[PDB]
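Student: model the following, please.
(2 chains)
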Amino acid sequence: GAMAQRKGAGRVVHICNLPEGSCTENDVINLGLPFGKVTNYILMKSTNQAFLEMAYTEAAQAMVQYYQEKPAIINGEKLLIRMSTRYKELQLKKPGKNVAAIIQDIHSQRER
RNA sequence: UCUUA
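Tutor: Numbering: from 1, shown residues only, chains lettered A, B, ... in the order given. Find the structure here:
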């Protein structure tokens, strides 16, 4: 274990291909939550990229494997979720809303 | 593609 990067005591999962003006916290996490509980997330509207932190490394690999064959489409752009090669941990420099509520958002689908 | 324009 811990051979393929130190994604255990600290995980960085990077999501990309998010359009500026369309990089919402809810949707990025909407991808995260159904495969695993989202503990942290970071949206970088500037680089059209984002970070998604998950409860277990198993979730990170699962999402990557899924979106490799079935990508997430935002504004007609396929999102690419991958494990970051440069960073081991995500620290929230910017605060966010309750992520559990985002689970309710996912279940609501289109504001049920 | 890699800390929030």
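Student: and residue A:100, backbone torsions?
Tutor: phi -60, psi -40 (degrees, to the nearest 10).
Student: burial measure for it, as a count.
Tutor: Residue A:100: 11 surrounding residues under other Cβ atoms under 10 Å. Any C-beta I mention is one placed from the backbone N, CA and C, and that applies to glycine too.
Student: I'd like the next helix or strand past the longest helix along chain A.
Tutor: Ordering each helix of chain A by length in residues (DSSP state H) puts helix A:57-69 first. Tracing the chain past helix A:57-69, the next element assigned as helix or strand by DSSP states H and E is strand A:72-74.
Student: what's that next one in contact with?
Tutor: Here strand A:72-74 makes contact (Cβ atoms under 8 Å, 6 or more residues apart in numbering) with A:17-19, A:22, A:27, A:31, A:78-79, A:81.
Student: so residue A:34 versus residue A:6, what's the distance?
Tutor: 26 Å (Cβ to Cβ, to the nearest Å).
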